[PDB]
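Note on naming: letters A, B, ... go to the chains in the order of the sequence lines (proteins, then strands), and numbering restarts at 1 for each one.
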Amino acid sequence: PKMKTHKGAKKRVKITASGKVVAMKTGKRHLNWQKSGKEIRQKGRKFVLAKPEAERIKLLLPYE
Amino acid sequence: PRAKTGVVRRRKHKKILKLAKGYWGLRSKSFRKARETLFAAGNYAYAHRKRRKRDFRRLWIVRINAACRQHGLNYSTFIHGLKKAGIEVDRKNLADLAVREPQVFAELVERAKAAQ
Amino acid sequence: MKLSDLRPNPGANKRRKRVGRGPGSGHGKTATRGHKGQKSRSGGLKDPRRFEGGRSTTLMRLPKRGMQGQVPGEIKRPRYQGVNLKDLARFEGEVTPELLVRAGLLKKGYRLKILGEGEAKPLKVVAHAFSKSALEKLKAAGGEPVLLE
Amino acid sequence: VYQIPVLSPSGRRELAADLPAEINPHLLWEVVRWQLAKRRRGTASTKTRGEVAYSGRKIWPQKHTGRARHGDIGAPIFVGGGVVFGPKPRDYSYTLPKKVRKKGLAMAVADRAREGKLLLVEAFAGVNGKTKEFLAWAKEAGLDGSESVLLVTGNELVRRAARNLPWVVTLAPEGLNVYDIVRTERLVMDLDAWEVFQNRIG
RNA sequence: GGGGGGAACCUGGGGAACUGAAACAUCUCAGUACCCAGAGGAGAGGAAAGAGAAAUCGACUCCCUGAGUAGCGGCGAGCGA
RNA sequence: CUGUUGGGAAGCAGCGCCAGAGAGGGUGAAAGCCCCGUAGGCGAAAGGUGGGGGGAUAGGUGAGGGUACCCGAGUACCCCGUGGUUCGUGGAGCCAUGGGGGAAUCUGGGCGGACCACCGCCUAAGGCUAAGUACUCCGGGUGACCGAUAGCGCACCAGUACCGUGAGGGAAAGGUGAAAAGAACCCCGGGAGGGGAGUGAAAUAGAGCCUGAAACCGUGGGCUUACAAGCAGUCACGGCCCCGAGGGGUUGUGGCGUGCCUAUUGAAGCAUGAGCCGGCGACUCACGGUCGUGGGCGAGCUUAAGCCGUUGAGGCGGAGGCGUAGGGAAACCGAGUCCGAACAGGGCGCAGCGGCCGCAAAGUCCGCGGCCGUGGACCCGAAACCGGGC
RNA sequence: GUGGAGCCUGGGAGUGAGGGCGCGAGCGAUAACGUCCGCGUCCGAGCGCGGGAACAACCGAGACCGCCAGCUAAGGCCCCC
RNA sequence: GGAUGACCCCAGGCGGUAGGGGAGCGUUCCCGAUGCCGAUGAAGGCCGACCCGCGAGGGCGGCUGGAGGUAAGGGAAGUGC
RNA sequence: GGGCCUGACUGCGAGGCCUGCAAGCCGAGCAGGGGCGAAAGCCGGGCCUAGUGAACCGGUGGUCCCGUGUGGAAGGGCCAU
Ligand SMILES: NC(=[NH2+])NCCC[C@H](N)C(=O)O
Ligand SMILES: [Mg+2]
Ligand SMILES: [Mg+2]
Ligand SMILES: [Mg+2]
Ligand SMILES: [Mg+2]
Ligand SMILES: [Mg+2]
Ligand SMILES: [Mg+2]
Ligand SMILES: [Mg+2]
Ligand SMILES: [Mg+2]
Ligand SMILES: [Mg+2]
Ligand SMILES: [Mg+2]
Ligand SMILES: [Mg+2]
Ligand SMILES: [Mg+2]
Ligand SMILES: [Mg+2]
Ligand SMILES: [Mg+2]
Ligand SMILES: [Mg+2]
Ligand SMILES: [Mg+2]
Ligand SMILES: [Mg+2]
Ligand SMILES: [Mg+2]
Ligand SMILES: [Mg+2]
Ligand SMILES: [Mg+2]
Ligand SMILES: [Mg+2]
Ligand SMILES: [Mg+2]
Ligand SMILES: [Mg+2]
Ligand SMILES: [Mg+2]
Ligand SMILES: [Mg+2]
Ligand SMILES: [Mg+2]
Ligand SMILES: [Mg+2]
Ligand SMILES: [Mg+2]
Ligand SMILES: [Mg+2]
Ligand SMILES: [Mg+2]
Ligand SMILES: [Mg+2]
Ligand SMILES: [Mg+2]
Ligand SMILES: [Mg+2]
Ligand SMILES: [Mg+2]
Ligand SMILES: [Mg+2]
Ligand SMILES: [Mg+2]
Ligand SMILES: [Mg+2]
Ligand SMILES: [Mg+2]
Ligand SMILES: [Mg+2]
Ligand SMILES: [Mg+2]
Ligand SMILES: [Mg+2]
Ligand SMILES: [Mg+2]
Ligand SMILES: [Mg+2]
Ligand SMILES: [Mg+2]
Ligand SMILES: [Mg+2]
Ligand SMILES: [Mg+2]
Ligand SMILES: [Mg+2]
Ligand SMILES: [Mg+2]
Ligand SMILES: [Mg+2]
Ligand SMILES: [Mg+2]
Ligand SMILES: [Mg+2]
Ligand SMILES: [Mg+2]
Ligand SMILES: [Mg+2]
Ligand SMILES: [Mg+2]
Ligand SMILES: [Mg+2]
Ligand SMILES: [Mg+2]
Ligand SMILES: [Mg+2]
Ligand SMILES: [Mg+2]
Ligand SMILES: [Mg+2]
Ligand SMILES: [Mg+2]
Ligand SMILES: [Mg+2]
Ligand SMILES: [Mg+2]
Ligand SMILES: [Mg+2]
Ligand SMILES: [Mg+2]
Ligand SMILES: [Mg+2]
Ligand SMILES: [Mg+2]
Ligand SMILES: [Mg+2]
Ligand SMILES: [Mg+2]
Ligand SMILES: [Mg+2]
Ligand SMILES: [Mg+2]
Ligand SMILES: [Mg+2]
Ligand SMILES: [Mg+2]
Ligand SMILES: [Mg+2]
Ligand SMILES: [Mg+2]
Ligand SMILES: [Mg+2]
Ligand SMILES: [Mg+2]
Ligand SMILES: [Mg+2]
Ligand SMILES: [Mg+2]
Ligand SMILES: [Mg+2]
Ligand SMILES: [Mg+2]
Ligand SMILES: [Mg+2]
Ligand SMILES: [Mg+2]
Ligand SMILES: [Mg+2]
Ligand SMILES: [Mg+2]
Ligand SMILES: [Mg+2]
Ligand SMILES: [Mg+2]
Ligand SMILES: [Mg+2]
Ligand SMILES: [Mg+2]
Ligand SMILES: [Mg+2]
Ligand SMILES: [Mg+2]
Ligand SMILES: [Mg+2]
Ligand SMILES: [Mg+2]
Ligand SMILES: [Mg+2]
Ligand SMILES: [Mg+2]
Ligand SMILES: [Mg+2]
Ligand SMILES: [Mg+2]
Ligand SMILES: [Mg+2]
Ligand SMILES: [Mg+2]
Ligand SMILES: [Mg+2]
Ligand SMILES: [Mg+2]
Ligand SMILES: [Mg+2]
Ligand SMILES: [Mg+2]
Ligand SMILES: [Mg+2]
Ligand SMILES: [Mg+2]
Ligand SMILES: [Mg+2]
Ligand SMILES: [Mg+2]
Ligand SMILES: [Mg+2]
Ligand SMILES: [Mg+2]
Ligand SMILES: [Mg+2]
Ligand SMILES: [Mg+2]
Ligand SMILES: [Mg+2]
Ligand SMILES: [Mg+2]
Ligand SMILES: [Mg+2]
Ligand SMILES: [Mg+2]
Ligand SMILES: [Mg+2]
Ligand SMILES: [Mg+2]
Ligand SMILES: [Mg+2]
Ligand SMILES: [Mg+2]
Ligand SMILES: [Mg+2]
Ligand SMILES: [Mg+2]
Ligand SMILES: [Mg+2]
Ligand SMILES: [Mg+2]
Ligand SMILES: [Mg+2]
Ligand SMILES: [Mg+2]
Ligand SMILES: [Mg+2]
Ligand SMILES: [Mg+2]
Ligand SMILES: [Mg+2]
Ligand SMILES: [Mg+2]
Ligand SMILES: [Mg+2]
Ligand SMILES: [Mg+2]
Ligand SMILES: [Mg+2]
Ligand SMILES: [Mg+2]
Ligand SMILES: [Mg+2]
Ligand SMILES: [Mg+2]
Ligand SMILES: [Mg+2]
Ligand SMILES: [Mg+2]
Ligand SMILES: [Mg+2]
Ligand SMILES: [Mg+2]
Ligand SMILES: [Mg+2]
Ligand SMILES: [Mg+2]
Ligand SMILES: [Mg+2]
Ligand SMILES: [Mg+2]
Ligand SMILES: [Mg+2]
Ligand SMILES: [Mg+2]
Ligand SMILES: [Mg+2]
Ligand SMILES: [Mg+2]
Ligand SMILES: [Mg+2]
Ligand SMILES: [Mg+2]
Ligand SMILES: [Mg+2]
Ligand SMILES: [Mg+2]
Ligand SMILES: [Mg+2]
Ligand SMILES: [Mg+2]
Ligand SMILES: [Mg+2]
Ligand SMILES: [Mg+2]
Ligand SMILES: [Mg+2]
Ligand SMILES: [Mg+2]
Ligand SMILES: [Mg+2]
Ligand SMILES: [Mg+2]
Ligand SMILES: [Mg+2]
Ligand SMILES: [Mg+2]
Ligand SMILES: [Mg+2]
Ligand SMILES: [Mg+2]
Ligand SMILES: [Mg+2]
Ligand SMILES: [Mg+2]
Ligand SMILES: [Mg+2]
Ligand SMILES: [Mg+2]
Ligand SMILES: [Mg+2]
Ligand SMILES: [Mg+2]
Ligand SMILES: [Mg+2]
Ligand SMILES: [Mg+2]
Ligand SMILES: [Mg+2]
Ligand SMILES: [Mg+2]
Ligand SMILES: [Mg+2]
Ligand SMILES: [Mg+2]
Ligand SMILES: [Mg+2]
Ligand SMILES: [Mg+2]
Ligand SMILES: [Mg+2]
Ligand SMILES: [Mg+2]
Ligand SMILES: [Mg+2]
Ligand SMILES: [Mg+2]
Ligand SMILES: [Mg+2]
Ligand SMILES: [Mg+2]
Ligand SMILES: [Mg+2]
Ligand SMILES: [Mg+2]
Ligand SMILES: [Mg+2]
Ligand SMILES: [Mg+2]
Ligand SMILES: [Mg+2]
Ligand SMILES: [Mg+2]
Ligand SMILES: [Mg+2]
Ligand SMILES: [Mg+2]
Ligand SMILES: [Mg+2]
Ligand SMILES: [Mg+2]
Ligand SMILES: [Mg+2]
Ligand SMILES: [Mg+2]
Ligand SMILES: [Mg+2]
Ligand SMILES: [Mg+2]
Ligand SMILES: [Mg+2]
Ligand SMILES: [Mg+2]
Ligand SMILES: [Mg+2]
Ligand SMILES: [Mg+2]
Ligand SMILES: [Mg+2]
Ligand SMILES: [Mg+2]
Ligand SMILES: [Mg+2]
Ligand SMILES: [Mg+2]
Ligand SMILES: [Mg+2]
Ligand SMILES: [Mg+2]
Ligand SMILES: [Mg+2]
Ligand SMILES: [Mg+2]
Ligand SMILES: [Mg+2]
Ligand SMILES: [Mg+2]
Ligand SMILES: [Mg+2]
Ligand SMILES: [Mg+2]
Ligand SMILES: [Mg+2]
Ligand SMILES: [Mg+2]
Ligand SMILES: [Mg+2]
Ligand SMILES: [Mg+2]
Ligand SMILES: [Mg+2]
Ligand SMILES: [Mg+2]
Ligand SMILES: [Mg+2]
Ligand SMILES: [Mg+2]
Ligand SMILES: [Mg+2]
Ligand SMILES: [Mg+2]
Ligand SMILES: [Mg+2]
Ligand SMILES: [Mg+2]
Ligand SMILES: [Mg+2]
Ligand SMILES: [Mg+2]
Ligand SMILES: [Mg+2]
Ligand SMILES: [Mg+2]
Ligand SMILES: [Mg+2]
Ligand SMILES: [Mg+2]
Ligand SMILES: [Mg+2]
Ligand SMILES: [Mg+2]
Ligand SMILES: [Mg+2]
Ligand SMILES: [Mg+2]
Ligand SMILES: [Mg+2]
Ligand SMILES: [Mg+2]
Ligand SMILES: [Mg+2]
Ligand SMILES: [Mg+2]
Ligand SMILES: [Mg+2]
Ligand SMILES: [Mg+2]
Ligand SMILES: [Mg+2]
Ligand SMILES: [Mg+2]
Ligand SMILES: [Mg+2]
Ligand SMILES: [Mg+2]
Ligand SMILES: [Mg+2]
Ligand SMILES: [Mg+2]
Ligand SMILES: [Mg+2]
Ligand SMILES: [Mg+2]
Ligand SMILES: [Mg+2]
Ligand SMILES: [Mg+2]
Ligand SMILES: [Mg+2]
Ligand SMILES: [Mg+2]
Ligand SMILES: [Mg+2]
Ligand SMILES: [Mg+2]
Ligand SMILES: [Mg+2]
Ligand SMILES: [Mg+2]
Ligand SMILES: [Mg+2]
Ligand SMILES: [Mg+2]
Ligand SMILES: [Mg+2]
Ligand SMILES: [Mg+2]
Ligand SMILES: [Mg+2]
Ligand SMILES: [Mg+2]
Ligand SMILES: [Mg+2]
Ligand SMILES: [Mg+2]
Ligand SMILES: [Mg+2]
Ligand SMILES: [Mg+2]
Ligand SMILES: [Mg+2]
Ligand SMILES: [Mg+2]
Ligand SMILES: [Mg+2]
Ligand SMILES: [Mg+2]
Ligand SMILES: [Mg+2]
Ligand SMILES: [Mg+2]
Ligand SMILES: [Mg+2]
Ligand SMILES: [Mg+2]
Ligand SMILES: [Mg+2]
Ligand SMILES: [Mg+2]
Ligand SMILES: [Mg+2]
Ligand SMILES: [Mg+2]
Ligand SMILES: [Mg+2]
Ligand SMILES: [Mg+2]
Ligand SMILES: [Mg+2]
Ligand SMILES: [Mg+2]
Ligand SMILES: [Mg+2]
Ligand SMILES: [Mg+2]
Ligand SMILES: [Mg+2]
Ligand SMILES: [Mg+2]
Ligand SMILES: [Mg+2]
Ligand SMILES: [Mg+2]
Ligand SMILES: [Mg+2]
Ligand SMILES: [Mg+2]
Ligand SMILES: [Mg+2]
Ligand SMILES: [Mg+2]
Ligand SMILES: [Mg+2]
Ligand SMILES: [Mg+2]
Ligand SMILES: [Mg+2]
Ligand SMILES: [Mg+2]
């Protein structure tokens, strides 16, 4: 039968126009009182996932 | 459609069993023992094709040695002498001359003694 | 030309890879599977796209972000598809949603929005919206923007 | 592009046709593969180790018998057991692109036109259903049965008279297809079939 | 008038576990296997106290599609209009 | 039809004929015209069917105005406990209902995802209803389906023999020949069996019967062997035998030489497996994905279910799908957009070859191939778990 | 320095039990065919070939096929040889 | 070189397990085939010191057998122990 | 040791270190609004290397982005913790 979209990926990740995979940086969900403004600010950006992990996640999103 | 074995395996086994004609006991009668015997036999033939070139060179050298010692030198002096006289008759032909043309071989001994 | 002349081009019909059929083939015995382990087994591995041998996976360690929605689901609202001026160059006279839908430019169930890539034409262009620049370019070119609701 | 002999009570006129210049053999092969695959019955079938008639009983204990271990006798290792990966009922059809079929049709006619093996006719003189009648018409038409012929006409009576001949294949125009064209050394259509053919490749 | 039978199909009343989640309990397998009652050449469903946003449609059933979408989910495995 | 070879003609040869019939199966071998058929037609007194045609019968039928009589009850409704749904307590509505409380008759009531208002949709608590759908014990048609270890467990007297207290389990086993012409009679023998005779184209087609492989057993012949050390062979030379500057068979002596497979750092290994032979025996298929590849068309490409045709003929069908724009959680804006006060900086995005013409291409469709996901998913194997029976 | 070199993109893997030896250390007992790292090598996969009596990894050397031809390597040249 | 594997000439590579790639052989079945081979003998079996092929194999000849077999070129798999 | 102070900033970030991933680390410079200094300038905690914990689920403050016919609301999203 047809593949199912992985919804854990669909809720965490996006495929860009050229097929990169972009995610939110980790590490600022909590324990933030003692993190510098630089850590908090830069952890609020998206980042491009490394190629090996990006290819696996794209296989999980066959209909995006 | 279905493709059963049919004739294919019997023909394959008969090719092997024919090659194993003459082998002892099941080595010529059973397809399995024939093929194991053939494996060894093929490696032997390859190895002995190589080894035959050496076997015959040993025999030539032994015969050449004995013909030399009838004229008072040994093989290794005889070969050195031929090298310095520039003579390049090979050991297959030197051994044939030693047996079939003793006059010619004696003159070769002469050339070798003179070259040193 | 007869049936005994009908042939695929070179490479149009390749032979398959048959494993486990003898030493000479290069694929005998282990059938290109290597020796033991979970991957050689009939049934094989867990999904390589996700599983990582028991550790928390690359994907599950990334944070969720955004509205995921709730039952009873997607809120029905009007949706827009952009169509650039350059795509309108083939038309004459009066372009409308139904027309762009026909030519394969606009998708059914989408309101039309004109965007400003390319060059405007002197056309009567009926649409549900226009970008700022698509308005500029269309006015300046002599075309007529008609705005539906 | 092509000058096609027409057969008339007024002589061998000529008709011009806009048939493709390039005959593409691979594509014709793709249409025939499609025609021959979609007519397949796909009725080969076998029984799996689950569908065979035997019980699921373990035939003898796992250990301590001195024999190899076994489960049920439907396992494919047994004579009389299930088949591993046998054929199952199967649909071999697929949707070849319409433009490939249409363009294939034109190339098959164009290939016959370029050999001089395409002949159009206005009517079949005295062909009123009898084989002996179509034979007499064919003789004068230059069809002596030394070449196989694909006869394409809507005249039901003409098809009935020709169809028992070993060297004739008969079709109504709505049935023109490249396998049948390429099967036969000659192509004969009346002007009516020639027209529904033109409507199709347009 | 009933009773009992009928390969499979159907509806209703009950209803697992292995397995999957690389352990496991929610979850899955699955309302599946199976037991029971009943129906018939089919059975169920059916003529809106419907849908759900169209100022709209107009019983029910069935196929394609919508769509692996909307959503549901130890937001896991997966499930899925 | 004739001739001819042959046991036999349908083969080959001569000369014809039919065909809405040259599908196929027989007949002594290979037959359009010998047989059974095939194309095309024809046929029911009796029983069944009859969804199509015709006829009955049942049943069906106005407008204002007033009246406020009726419009399905332990029901709606609310609360508690659950089920159904995509919804697992969630903001949890809807539909259903085991417990408790418990209405109203249109100015009545239910619904539009808590709730309220507005705006709409519908008329619960009685029942029936063809067709389109499912299945295949049964009959028929057809296979790039099997061909006796295959195909159903069963081609055959099989759910049998046999096994089990029972539920239940569950085989093997097809073929003389064209025709029985199935071998009178004689001979050895108690018979079995054979030897003659005889039949047959053929009898190592003789019924323990087509073909008749291999392991295995034996008779005859050539070479060889009783002072010799061996994974059994191989290289060399010589002897003998055979077929006719060559070759085949055999092996006396000399040289060299640690089976196969598996598993292992490492096996001749005293580690696994195999008595030998024959047959069966393991990487597939569907759907989706990803990349490559052969073609079609190209800012476009493509149809699905169906419908019509065909009876190994294709066509129609654009619903829909992918692509043509991206960025943002979103509102939204858009060749940009998001973060931001920023017009800052950054993230993610945006731009053919030849002479209007070719050619090429995004993309997409179909074929092919590698690999992935879902299924038992390369094959065989547990100990166990569960259900219903015995 | 043109090599079965290197770099980029993508398809397919297998491997994730190593082992001996040399040298450098730790552990051990300045024990182990011990053990654990580093540099190198060979075996693994070269149980193919010569030498080392025999012998995966010591010395010699990387086996496309054939030859009753020649030169060498390690090791040898009294006989077995 | 010649001009596109026409074949020749020069040079170099060619140990190999897991494994990647390439080119082929054969088996069953379909198109080719209302054909063609076949009783002046199909398939299968048993021989062969002969021919072709690196090889898997393919021919050819004799014997057996007694009725089927199937080309160039393509297609599909229950395809090789 | 003392004076004045809150840069133990907000919005970003060229370029790198490290590195299988995910993380971790250093960071000039531009803008906003500041601190100290006459000024040059320094200041995005602490001489430096440890003092730490990905997701999911949930709390709180803000924002006023979504709000299932419409206006609200329920509940979510986003920023901060
Ligand atoms: N007009 C025709 N379709 N002729 C075909 C010849 C015979 C074909 N088998 C049929 O059933 O009709
Ligand atoms: Mg999730
Ligand atoms: Mg975070
Ligand atoms: Mg947070
Ligand atoms: Mg929070
Ligand atoms: Mg700190
Ligand atoms: Mg800070
Ligand atoms: Mg801070
Ligand atoms: Mg911030
Ligand atoms: Mg989609
Ligand atoms: Mg087999
Ligand atoms: Mg067989
Ligand atoms: Mg065989
Ligand atoms: Mg074999
Ligand atoms: Mg044979
Ligand atoms: Mg063979
Ligand atoms: Mg012998
Ligand atoms: Mg023996
Ligand atoms: Mg013996
Ligand atoms: Mg034997
Ligand atoms: Mg061999
Ligand atoms: Mg050799
Ligand atoms: Mg050797
Ligand atoms: Mg040598
Ligand atoms: Mg001396
Ligand atoms: Mg010398
Ligand atoms: Mg010399
Ligand atoms: Mg294929
Ligand atoms: Mg495949
Ligand atoms: Mg290949
Ligand atoms: Mg193969
Ligand atoms: Mg092989
Ligand atoms: Mg390979
Ligand atoms: Mg290999
Ligand atoms: Mg093996
Ligand atoms: Mg592999
Ligand atoms: Mg592979
Ligand atoms: Mg593999
Ligand atoms: Mg291993
Ligand atoms: Mg391994
Ligand atoms: Mg193994
Ligand atoms: Mg291992
Ligand atoms: Mg293992
Ligand atoms: Mg492995
Ligand atoms: Mg298994
Ligand atoms: Mg497994
Ligand atoms: Mg852990
Ligand atoms: Mg969504
Ligand atoms: Mg709903
Ligand atoms: Mg105008
Ligand atoms: Mg088929
Ligand atoms: Mg079967
Ligand atoms: Mg079957
Ligand atoms: Mg079974
Ligand atoms: Mg079973
Ligand atoms: Mg069964
Ligand atoms: Mg049974
Ligand atoms: Mg059973
Ligand atoms: Mg069972
Ligand atoms: Mg059981
Ligand atoms: Mg059982
Ligand atoms: Mg045991
Ligand atoms: Mg025992
Ligand atoms: Mg035993
Ligand atoms: Mg056994
Ligand atoms: Mg046993
Ligand atoms: Mg057992
Ligand atoms: Mg079994
Ligand atoms: Mg079993
Ligand atoms: Mg069974
Ligand atoms: Mg059996
Ligand atoms: Mg079977
Ligand atoms: Mg059986
Ligand atoms: Mg069976
Ligand atoms: Mg099988
Ligand atoms: Mg299987
Ligand atoms: Mg199986
Ligand atoms: Mg089917
Ligand atoms: Mg396929
Ligand atoms: Mg289809
Ligand atoms: Mg089209
Ligand atoms: Mg015909
Ligand atoms: Mg025909
Ligand atoms: Mg024909
Ligand atoms: Mg025909
Ligand atoms: Mg009853
Ligand atoms: Mg009863
Ligand atoms: Mg009944
Ligand atoms: Mg039920
Ligand atoms: Mg229970
Ligand atoms: Mg459980
Ligand atoms: Mg399962
Ligand atoms: Mg299972
Ligand atoms: Mg799983
Ligand atoms: Mg589990
Ligand atoms: Mg598990
Ligand atoms: Mg467990
Ligand atoms: Mg369930
Ligand atoms: Mg039930
Ligand atoms: Mg069932
Ligand atoms: Mg009941
Ligand atoms: Mg009943
Ligand atoms: Mg019916
Ligand atoms: Mg009913
Ligand atoms: Mg009802
Ligand atoms: Mg009603
Ligand atoms: Mg869609
Ligand atoms: Mg479920
Ligand atoms: Mg005669
Ligand atoms: Mg005759
Ligand atoms: Mg004749
Ligand atoms: Mg016919
Ligand atoms: Mg016939
Ligand atoms: Mg026939
Ligand atoms: Mg014939
Ligand atoms: Mg025939
Ligand atoms: Mg006949
Ligand atoms: Mg008829
Ligand atoms: Mg009839
Ligand atoms: Mg009335
Ligand atoms: Mg009234
Ligand atoms: Mg009233
Ligand atoms: Mg009511
Ligand atoms: Mg009541
Ligand atoms: Mg309730
Ligand atoms: Mg529920
Ligand atoms: Mg509930
Ligand atoms: Mg919730
Ligand atoms: Mg709910
Ligand atoms: Mg009301
Ligand atoms: Mg009310
Ligand atoms: Mg209600
Ligand atoms: Mg309610
Ligand atoms: Mg409500
Ligand atoms: Mg509603
Ligand atoms: Mg609402
Ligand atoms: Mg109201
Ligand atoms: Mg309603
Ligand atoms: Mg009706
Ligand atoms: Mg009904
Ligand atoms: Mg019905
Ligand atoms: Mg049916
Ligand atoms: Mg039937
Ligand atoms: Mg067959
Ligand atoms: Mg057959
Ligand atoms: Mg049998
Ligand atoms: Mg059977
Ligand atoms: Mg048989
Ligand atoms: Mg039967
Ligand atoms: Mg019986
Ligand atoms: Mg018992
Ligand atoms: Mg009994
Ligand atoms: Mg049993
Ligand atoms: Mg049987
Ligand atoms: Mg008989
Ligand atoms: Mg017979
Ligand atoms: Mg007798
Ligand atoms: Mg007598
Ligand atoms: Mg007597
Ligand atoms: Mg007597
Ligand atoms: Mg007798
Ligand atoms: Mg006798
Ligand atoms: Mg006679
Ligand atoms: Mg004869
Ligand atoms: Mg015989
Ligand atoms: Mg016979
Ligand atoms: Mg026969
Ligand atoms: Mg016999
Ligand atoms: Mg016999
Ligand atoms: Mg003897
Ligand atoms: Mg002695
Ligand atoms: Mg002696
Ligand atoms: Mg020897
Ligand atoms: Mg010698
Ligand atoms: Mg000789
Ligand atoms: Mg000899
Ligand atoms: Mg040994
Ligand atoms: Mg050894
Ligand atoms: Mg072997
Ligand atoms: Mg083994
Ligand atoms: Mg082992
Ligand atoms: Mg071991
Ligand atoms: Mg070991
Ligand atoms: Mg041994
Ligand atoms: Mg031993
Ligand atoms: Mg042992
Ligand atoms: Mg052993
Ligand atoms: Mg073991
Ligand atoms: Mg045994
Ligand atoms: Mg044996
Ligand atoms: Mg065997
Ligand atoms: Mg595969
Ligand atoms: Mg399969
Ligand atoms: Mg597949
Ligand atoms: Mg693919
Ligand atoms: Mg493709
Ligand atoms: Mg196309
Ligand atoms: Mg093109
Ligand atoms: Mg879709
Ligand atoms: Mg798109
Ligand atoms: Mg978005
Ligand atoms: Mg904002
Ligand atoms: Mg920017
Ligand atoms: Mg940029
Ligand atoms: Mg393309
Ligand atoms: Mg893959
Ligand atoms: Mg499965
Ligand atoms: Mg499987
Ligand atoms: Mg698989
Ligand atoms: Mg037990
Ligand atoms: Mg359990
Ligand atoms: Mg348990
Ligand atoms: Mg029980
Ligand atoms: Mg290399
Ligand atoms: Mg390399
Ligand atoms: Mg591969
Ligand atoms: Mg791996
Ligand atoms: Mg591994
Ligand atoms: Mg490991
Ligand atoms: Mg390790
Ligand atoms: Mg180990
Ligand atoms: Mg190590
Ligand atoms: Mg190493
Ligand atoms: Mg050693
Ligand atoms: Mg060492
Ligand atoms: Mg040293
Ligand atoms: Mg050391
Ligand atoms: Mg150390
Ligand atoms: Mg000491
Ligand atoms: Mg060690
Ligand atoms: Mg040591
Ligand atoms: Mg040491
Ligand atoms: Mg080492
Ligand atoms: Mg290994
Ligand atoms: Mg070495
Ligand atoms: Mg090496
Ligand atoms: Mg080895
Ligand atoms: Mg050696
Ligand atoms: Mg050595
Ligand atoms: Mg040595
Ligand atoms: Mg030695
Ligand atoms: Mg070595
Ligand atoms: Mg080499
Ligand atoms: Mg020398
Ligand atoms: Mg030296
Ligand atoms: Mg010595
Ligand atoms: Mg000596
Ligand atoms: Mg060369
Ligand atoms: Mg190699
Ligand atoms: Mg290659
Ligand atoms: Mg082949
Ligand atoms: Mg070939
Ligand atoms: Mg084969
Ligand atoms: Mg077939
Ligand atoms: Mg045919
Ligand atoms: Mg034939
Ligand atoms: Mg003939
Ligand atoms: Mg004859
Ligand atoms: Mg003969
Ligand atoms: Mg054959
Ligand atoms: Mg055959
Ligand atoms: Mg041969
Ligand atoms: Mg023969
Ligand atoms: Mg004969
Ligand atoms: Mg026949
Ligand atoms: Mg063929
Ligand atoms: Mg061929
Ligand atoms: Mg073809
Ligand atoms: Mg097939
Ligand atoms: Mg198989
Ligand atoms: Mg200070
Ligand atoms: Mg201070
Ligand atoms: Mg101040
Ligand atoms: Mg950087
Ligand atoms: Mg990094
Ligand atoms: Mg750290
Ligand atoms: Mg500043
Ligand atoms: Mg300042
Ligand atoms: Mg300042
Ligand atoms: Mg100041
Ligand atoms: Mg300043
Ligand atoms: Mg700074
Ligand atoms: Mg400090
Ligand atoms: Mg300080
Ligand atoms: Mg610190
Ligand atoms: Mg930290
Ligand atoms: Mg966290
Ligand atoms: Mg979790
Ligand atoms: Mg949250
Ligand atoms: Mg909030
Ligand atoms: Mg709002
Ligand atoms: Mg609202
Ligand atoms: Mg209000
Ligand atoms: Mg609002
Ligand atoms: Mg308020
Ligand atoms: Mg709120
Ligand atoms: Mg935060």
A.B. asks: Taking atom types as they are modelled, would you say the side chain of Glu117(C) forms a donor-acceptor pair with the base of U324(F) within the 3.5 Å cutoff?
C.D. replies: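 Under the 3.5 Å cut-off, the side chain and the base do not form any donor-acceptor pair.
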A.B. asks: Ignoring backbone atoms, test whether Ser55(D) places a side-chain nitrogen or oxygen under 4.0 Å from the OP1 or OP2 oxygen of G168(F).
C.D. replies: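 Answer is no, no contact under 4.0 Å.
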A.B. asks: Rounded to the Å, how far apart are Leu3(C) CG and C30(H) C1'?
C.D. replies: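 Rounding to the nearest Å, CG of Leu3(C) and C1' of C30(H) are 12 Å apart.
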A.B. asks: Mind checking who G22(G) pairs with, Watson-Crick or G-U wobble, both distances under 3.5 Å?
C.D. replies: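 For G22(G), the partner nucleotide comes out as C39(G), under the 3.5 Å rule.
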A.B. asks: First and last nucleotide of RNA chain I touching chain A, 5' to 3', heavy-atom cut-off 4.0 Å?
C.D. replies: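 Extent of the interface on RNA chain I: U10(I) to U81(I).
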A.B. asks: Just jot down the salt bridge (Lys or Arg N to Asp or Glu O under 4.0 Å) partners of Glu55(A), sequence neighbours excluded, or say none.
C.D. replies: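 Not a single residue meets the salt bridge (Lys or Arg N to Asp or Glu O under 4.0 Å) criterion with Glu55(A).
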A.B. asks: Kindly indicate whether the side chain of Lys58(A) and the base of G289(F) share any N or O donor-acceptor pair separated by less than 3.5 Å?
C.D. replies: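 Per atom types, no contact qualifies.
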A.B. asks: Under 3.5 Å, is there any donor-acceptor pair linking the side chain of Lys12(B) to the base of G80(H)?
C.D. replies: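 In this structure, the two groups form no donor-acceptor pair.
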A.B. asks: Should the ring pair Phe134(D) and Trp167(D) be called parallel, tilted or perpendicular, given that the plane angle runs from 0 to 90° and is split at 30 and 60?
C.D. replies: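 If you compare the ring of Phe134(D) with that of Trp167(D), the planes turn out tilted.
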A.B. asks: Near RNA chain G, counting only heavy atoms under 4.0 Å, which residues of residues 40-76 of chain C show up?
C.D. replies: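 Going residue by residue through residues 40-76 of chain C, none turns out to have a heavy atom under 4.0 Å of RNA chain G.
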A.B. asks: I want to know if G81(F) and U82(F) are stacked - that is, whether their six-membered base rings have centres under 5.5 Å apart and planes under 30 degrees.
C.D. replies: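 Yes, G81(F) and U82(F) stack on each other.
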